[PDB]
Every structure is written in C-alpha cells, then in structure tokens.
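**Student:** Chains as they are written, first to last, in the entry's author numbering: chain B, 591 to 595; chain B', 591 to 595; chain A, -4 to 231; chain A', -4 to 231. A prime marks a further copy of an entry chain. Beta carbons are placed, not taken as given, at the ideal position from N, Cα and C, and that holds for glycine.
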Ligand SMILES: CC(C)(Oc1ccc(Cl)cc1)C(=O)Nc1cccc(-c2csc(C(=N)N)c2)c1
Ligand SMILES: CC(C)(Oc1ccc(Cl)cc1)C(=O)Nc1cccc(-c2csc(C(=N)N)c2)c1
C-alpha cells in the first residue's frame, strides 16, 4: 500500500 | 519477561 | 455520552495514557468524549484525536483486506463452496469500520469544522473528512458509492484550496494533505496521472521552501516529503 | 449468548478467519460461542480457544504493566501530583482483564474440565486454569490474593500429576505446562529455586526422550525445550 499520514 | 506458552 | 461525566482534562490525560499502553480504541473513546465537551481543540488535541482513530480504522482496514482477499478466492472458478461465513464476517468487519468512519465524520460535522477558522485547524479537519470518506469509499459498492467518492474529493479540495492560500509549501499539514489526496487519486478515483502530478509538484515546491526553516521544522517537512517520494517510486 | 444463533461449525470457521485477520477479540468471542454449544472440543478447537484468549489477555497484561509503571512513578517521592487519572485508568484496564480471566475460568468450570477425560484435553484445560489464575494473581492485592495464587498452584499441580503419569516427557502440552508452572514459581510464588529446578529437570528428561520421536514431533518438542533453556538463561 502507499503511504498516508 | 520470561517465556510462557 | 459514556464520557459525559469525566472532566475534559481527564479525558485528554487518559487519551495520552491509552496511547502509551497501545490501547487505541480507548484513546479514541476518550478523545470522542473530549470533542463532545464542545470546546475547540488545541493542536496537540487535534493530533491525539487523529492518531487514535487512524490507528483504530487502520486495523479494521487491514482486517477487511485480509477477509476480502479470502472471499475473492472463495468465489473463484474451481474453489470449494465454503458457505456464507466469509462474506458474513467480512460484512461484520465492514459494518464496524463504517461505524467508526461515521462517528469521526459526525464529530467533524458536529461541530469541529464549522468552528475551525485558522488554517491549521480547518485544513487539518477537512483532510480528516476526506480521509474518512476515502475509507468509506474503499469498501463502497452501492447506489451511493460515487457520492462517497465525491464527498472525499470535495473535502480534500477545500482543504487544498485553503492550504495553498494560507500555508507555506513546507507546512507538514499541507504536505500530508497532498500526500493523502494523491493516494485518493491513485487508489480511489482511478487517476494515477493526477496522483503522480500532485505528489511531484508538492515535493518540488516543498524542496524550494526548505531553506526558510529551522532544523526542527526541516526535519518535520522532509519526513513527509520522503513519503511523497516513496509513493512516486512505487508508482513510476 | 450473542453467538447462540450461529452454528458451531460457523463459529469455528469464523474463529479461524478472525485469527487470519488478527482480530483476536472476535476470535475469542467466536470460540466462547463454540464452547457454549456444550460439546467437547477437538484438539484443534482447544488450541483455537487458547490462542484467542492468550492474545486478548496478553495485550491487556502489556497495557496494565505500562500503566502500573506510570502509576508507580507518579507516586514516587518528588513527583508532581497528577490526580486520580492514572490509578483510575489502570483500574479500568485491570477490571477488563479480570473480566476476561473470569470468562475463561467460567468456560473451564462450565463445563470443559469436568467432561475432559483424556490426558491431552484434561491437562490442557487445567494448564489454562492455572494460567488464568496466574494472570489474576499478577494484579491481585486484596483479602483473596493468597487464595488466587493457591488456585493457580492447585490447577497446575493437578495438571502436572496427570502429565507425569500419562504423557511422555517430550509431549508439548507437558512441556508447556512445565514451562508456565516454572514461571508461576518464579514470578508469583517467590520460589525461584523451584522454578529453576522444574525447568532444568523438564528439559533434561525431554532431552533423553527425543530419540523416540519423528522429525515433526522432534521439531515440536525442541521448540518448547528452547523456551525452557531461554528462561534458565534469564534466571542463572
Ligand atoms: C505523522 C506525523 C509525523 O506527521 C503528520 C503530518 C501531517 C498530518 Cl495532517 C498528520 C501527521 C505526525 O504525527 N505529526 C505530528 C505533528 C504535530 C504534532 C503531533 C503530535 C502531537 S501529540 C501526538 C501524539 N501522538 N500524542 C502527536 C504529530
Ligand atoms: C505455542 C505452540 C507452538 O506450542 C504449545 C505447546 C504447548 C501448549 Cl499447552 C500450547 C502451545 C503451539 O501453538 N502449539 C500447537 C500445537 C498443536 C496445535 C496447535 C494449533 C492448532 S490450530 C492453531 C491455530 N493457531 N489456529 C494452533 C498449536
């Protein structure tokens, strides 16, 4: 999965 | 801590 | 409110304790109680709220993906009929996730966003609103799926418009909003080119503003900039 | 019973799904439902039950230790009075842990142990009973603390007596029982010498029986034997 914050 | 199972 | 009888300050203190104990459902319940006291949230308190629910829903999303993968295989051509159990349990987790999202979206609508006037609060909350509609979109399949996606987009867009007018390009809230809106484009809106363009432009404009920052602000900004680069590396 | 309307087999299937999704509270609730159907449990089902509750209570114990450490520091000579919040929240976690232990002990008493006739089931359940009284003992401070400790000891002792009569020294249930009863001696009963003697004698008698085992049984037994050695290394 891609990074999110 | 010591190991338990 | 089950927290209605506890002092606001005690709820915040216990949210911090729950975090140290890795009890994120408790942390979220305590912060929901603090929000429901009706006062605006400080910067630290906004992040306690966000951290708590991001951890709770993150675990639910992880579980839902495991179960959805099992379900998809159970429905393949050649598999052995396992009965309704996998679908039922995926639906159970999905319903619990939707409930958490609805709760967070409810706090934002009643009445965190309407009282948020400063860019740092208002952008933060609108990013959250986009994030939790994004999580709803990840599991959506019904008549209102496109409306859910557009609700995420609309919230992210309002946050972006404010952030570009009122925050420097290195502001970590601006950067994290752009990171997540870029993931929205890639994973939800079927717009990989928009996702890549947003991440690249955000990274480059931040790079050019780093010279204005202290060492501590530089650390904060470059941390998020590296997540933008990580995603670009995944996508190109 | 909230699980009373679900099929036993569906509850077992969903316990396995919950495990894959790392949803151990759900796994425990499903296995509690399966136990409450009233039929004896197979070997696999006994381990699903044990795995679920060990994970749930393990997280609670970890949280309780974090909070107890914070509380102890907050009460030191020189600390700033934080108010009742740390104690209150430690008590909240403690009460939830005690509730989980009482639930497991209730399942064992109603009526898993009384219907368990084979060594592999009866020793397994009595070990569990000792384990969950041990967890109660870890947080106990009242009039009944010594009774809680003796309840753990009594359960472990009955399990040990059966295991020595009915199982080979390499049986992994016998080994795990001895591992945990040894930790009971060390951490709960203030009997480090008994803890060390039990671990050493268990290890040596297992070592001498390994020659009788297949490769797969050997792997199972040596895995637990290494935990015994690990504890001995910690204690000597
Ligand atoms: C993930 C990370 C590194 O950066 C982010 C960047 C943008 C957004 Cl919108 C969100 C996150 C972060 O968490 N940043 C951060 C910044 C400022 C205060 C706090 C904080 C205060 S109290 C607290 C606590 N966990 N008790 C955490 C945390
Ligand atoms: C921890 C470990 C390695 O050994 C133990 C040794 C003694 C005791 Cl009393 C307890 C544990 C273990 O877990 N052993 C084991 C043995 C036999 C079946 C299973 C099992 C069947 S289903 C399942 C599942 N997680 N779905 C797990 C697991």
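Verify the contact flag: residue 30 of chain A', CB atom, against every heavy atom of ligand 2, threshold strictly below 6 Å.
**Tutor:** Here residue 30 of chain A' is taken as the residue at index 35 of the fourth chain, counted from 1. No; taking the cut-off as 6 Å, the Cβ of residue 30 of chain A' has no heavy atom of ligand 2 nearer than that.
**Student:** Residue 93 of chain A touches chain A' at which residues, Cβ-Cβ below 8 Å?
**Tutor:** Mapped onto the third chain, residue 93 of chain A falls at position 98. Those within 8 Å of residue 93 of chain A in chain A' number zero; the least Cβ separation is about 16 Å.
**Student:** Short of 6 Å in beta carbon distance, which residues of its chain neighbour residue 134 of chain A, apart from the five on each side in sequence? Order them along the chain.
**Tutor:** In the third chain, residue 134 of chain A corresponds to position 139, counting from 1. Excluding positions up to five away in sequence, the list reads 89.
**Student:** Could you tell me whether any non-hydrogen atom of ligand 1 is closer than 6 Å to the CB of residue 39 of chain A?
**Tutor:** Translated into the one-based positions of the third chain, residue 39 of chain A becomes position 44. Checking the Cβ of residue 39 of chain A against ligand 1 gives yes.
**Student:** Is residue 94 of chain A close to ligand 2? I mean its beta-carbon at under 6 Å from any heavy atom of the ligand.
**Tutor:** Within the third chain, numbered from 1, the residue matching residue 94 of chain A stands at position 99. No; taking the cut-off as 6 Å, the Cβ of residue 94 of chain A has no heavy atom of ligand 2 nearer than that.
**Student:** What is the C-beta distance between residue 47 of chain A' and residue 19 of chain A', in whole angstroms, given that I count them as a contact (C-beta under 8 Å)?
**Tutor:** In the fourth chain, counting from the first residue as 1, residue 47 of chain A' sits at position 52. In the fourth chain, counting from the first residue as 1, residue 19 of chain A' sits at position 24. Their Cβ separation, rounded to whole angstroms, is 6 Å, which keeps residue 47 of chain A' and residue 19 of chain A' in contact under 8 Å.
**Student:** Does the beta carbon of residue 61 of chain A' come closer than 7 Å to any beta carbon on chain A?
**Tutor:** Reading the fourth chain from its first residue, position 66 is the one you call residue 61 of chain A'. Interface residue, yes.
**Student:** Is there a Cβ from chain B' that is less than 7 Å from the Cβ of residue 225 of chain A'?
**Tutor:** Counting from one through the fourth chain, the residue named residue 225 of chain A' turns up at place 230. So, interface residue.
**Student:** Cβ atoms of residue 102 of chain A' and residue 30 of chain A': under 7 Å apart, would you say?
**Tutor:** For the purposes of this step, residue 30 of chain A' is identified with residue 35 of the fourth chain, where counting begins at 1. For the purposes of this step, residue 102 of chain A' is identified with residue 107 of the fourth chain, where counting begins at 1. Going by C-beta atoms, residue 30 of chain A' is nearer than 7 Å to residue 102 of chain A'.
**Student:** Select from A':126, A':44, A':71 and A':210 the residue whose C-alpha is nearest the C-alpha of residue 180 of chain A'.
**Tutor:** The residue you call residue 180 of chain A' lines up with position 185 of the fourth chain. Ranking A':126, A':44, A':71 and A':210 by Cα distance to residue 180 of chain A' puts A':126 first.
**Student:** For a contact defined as C-beta to C-beta under 8 Å, what are the partners of residue 18 of chain A on chain A'?
**Tutor:** What you label residue 18 of chain A is simply residue 23 of the third chain in a count that begins at 1. Correct list: 58 and 88.
**Student:** Is the CB-CB distance between residue 32 of chain A and residue 3 of chain A below 7 Å?
**Tutor:** Position 37 of the third chain holds residue 32 of chain A. Position 8 of the third chain holds residue 3 of chain A. The answer is yes: Cβ separation under 7 Å.
**Student:** Report the residue from A:79, A:154, A:224 and A:120 whose alpha carbon sits nearest the alpha carbon of residue 36 of chain A.
**Tutor:** Numbered from 1 along the third chain, position 41 holds the residue referred to as residue 36 of chain A. Selected option, being the one with the closest Cα: A:120.
**Student:** Looking at the structure shown, is residue 595 of chain B' part of a helix, part of a strand, or coil, going by DSSP?
**Tutor:** Indexing the second chain from 1 puts residue 595 of chain B' at position 5. Reduced to three states, the DSSP call for residue 595 of chain B' is coil.
**Student:** Could you say which of A':219, A':155, A':123 and A':188 lies nearest to residue 230 of chain A' if we only look at CA atoms?
**Tutor:** Position 235 of the fourth chain, counted from the start, is the residue given in the question as residue 230 of chain A'. Comparing Cα-Cα distances from residue 230 of chain A' to each of A':219, A':155, A':123 and A':188, the minimum goes to A':188.
**Student:** Determine, using beta carbons only, whether residue 8 of chain A' and residue 76 of chain A come nearer to each other than 7 Å.
**Tutor:** Translated into positions along the fourth chain, residue 8 of chain A' becomes position 13. Translated into positions along the third chain, residue 76 of chain A becomes position 81. No, the pair does not count as a contact, with Cβ atoms beyond the cut-off.
**Student:** For ligand 1, which residues count as neighbours when the test is a C-beta closer than 6 Å to any heavy atom?
**Tutor:** Those satisfying the condition are, in chain order, B:595, A:14, A:39, A:42, A:43, A:46, A:119, A:122, A:167, A:168, A:171, A:218 and A:219.
**Student:** According to DSSP, is residue 36 of chain A part of a helix, a strand, or is it coil?
**Tutor:** Translated into positions along the third chain, residue 36 of chain A becomes position 41. The answer is coil: DSSP assigns residue 36 of chain A none of H, G, I, E or B.
**Student:** Quick check on residue 171 of chain A - is its C-beta less than 7 Å from some C-beta in chain B?
**Tutor:** The sequence position of residue 171 of chain A within the third chain is 176, counting from 1. Answer yes: the Cβ-Cβ gap between residue 171 of chain A and chain B drops below 7 Å somewhere.
**Student:** Could you give the DSSP three-state label for residue 196 of chain A: helix, strand or coil?
**Tutor:** By 1-based counting over the third chain, the position of residue 196 of chain A is 201. Helix, per DSSP.
**Student:** Check whether the Cβ atoms of residue 194 of chain A' and residue 222 of chain A' sit closer than 7 Å, and answer yes or no.
**Tutor:** Taking the fourth chain and counting its residues from 1, the one referred to as residue 194 of chain A' is at position 199. Taking the fourth chain and counting its residues from 1, the one referred to as residue 222 of chain A' is at position 227. Contact: no.
**Student:** I'd like the ranges of any alpha helix (DSSP H) spanning at least 4 consecutive residues and lying wholly in the segment 65 to 99 of chain A'.
**Tutor:** Taking only runs of at least 4 residues, no alpha helix (DSSP H) segment lies wholly in the segment 65 to 99 of chain A'.
**Student:** Determine the burial state of residue 70 of chain A': buried for a count of at least 16 other Cβ atoms within 10 Å of its Cβ, exposed for fewer.
**Tutor:** In the fourth chain, counting from the first residue as 1, residue 70 of chain A' sits at position 75. Label assigned to residue 70 of chain A': exposed.
**Student:** Suppose contacts are defined by Cβ-Cβ distances below 7 Å. Is residue 165 of chain A' in contact with residue 113 of chain A' by that definition?
**Tutor:** Counting from one through the fourth chain, the residue named residue 165 of chain A' turns up at place 170. Counting from one through the fourth chain, the residue named residue 113 of chain A' turns up at place 118. Against a cut-off of 7 Å, the Cβ pair of residue 113 of chain A' and residue 165 of chain A' comes out as no contact.
**Student:** For the alpha helix (DSSP H) that residue 148 of chain A' lies in, which residues bound it at each end?
**Tutor:** Stepping through the fourth chain from its first residue, residue 148 of chain A' is reached at position 153. Per DSSP, residue 148 of chain A' belongs to the alpha helix (DSSP H) from 140 to 161.
**Student:** Which residues, in chain order, does the segment 29 to 60 of chain A' contribute to contact with chain A at a C-beta distance below 7 Å?
**Tutor:** Those residues of the segment 29 to 60 of chain A' that come within reach of chain A (Cβ to Cβ, closer than 7 Å) are 58.
**Student:** Am I right that residue 157 of chain A' and residue 12 of chain A are in contact with their C-beta atoms under 8 Å? What's the rounded C-beta distance?
**Tutor:** The residue labelled residue 157 of chain A' in the question sits at position 162 within the fourth chain. The residue labelled residue 12 of chain A in the question sits at position 17 within the third chain. 43 Å between Cβ atoms; not a contact.
**Student:** Verify the CB distance criterion: does residue 99 of chain A have a CB-CB separation below 7 Å to chain B?
**Tutor:** Looking up residue 99 of chain A in the third chain gives position 104. No, its Cβ sits nowhere closer than 7 Å to a Cβ of chain B.
**Student:** What is the residue span of the alpha helix (DSSP H) that residue 168 of chain A lies within?
**Tutor:** In the third chain, counting from the first residue as 1, residue 168 of chain A sits at position 173. Unbroken alpha helix (DSSP H) run through residue 168 of chain A: 167 to 182.
**Student:** Going by DSSP, what residue range makes up the alpha helix (DSSP H) through residue 205 of chain A?
**Tutor:** As a first step, residue 205 of chain A must be located in the third chain, where it is residue number 210. Unbroken run through residue 205 of chain A: none, as it is neither H nor E.
**Student:** Under 8 Å Cβ-Cβ, which residues of chain B' neighbour residue 175 of chain A'?
**Tutor:** Taking the fourth chain and counting its residues from 1, the one referred to as residue 175 of chain A' is at position 180. Simply 594 and 595.
**Student:** Quick check on the DSSP output: what are the complete alpha helix (DSSP H) runs of length 4 or more inside the segment 104 to 134 of chain A, in order along the chain?
**Tutor:** Segments of the alpha helix (DSSP H) lying fully in the segment 104 to 134 of chain A: 114 to 134.
**Student:** Assuming residue 26 of chain A' and residue 10 of chain A' make a contact with CB atoms under 8 Å, what is their CB distance in whole Å?
**Tutor:** Here the question's residue 26 of chain A' lines up with position 31 in the fourth chain. Here the question's residue 10 of chain A' lines up with position 15 in the fourth chain. Yes, residue 26 of chain A' and residue 10 of chain A' are in contact; Cβ-Cβ is about 5 Å, under 8 Å.
**Student:** Could you work out which residues of chain A lie near residue 9 of chain A', taking near to mean beta carbons separated by less than 8 Å?
**Tutor:** Locating residue 9 of chain A' in the fourth chain gives position 14, where the first residue counts as 1. Under the 8 Å cutoff, chain A gives 80, 83 and 84.
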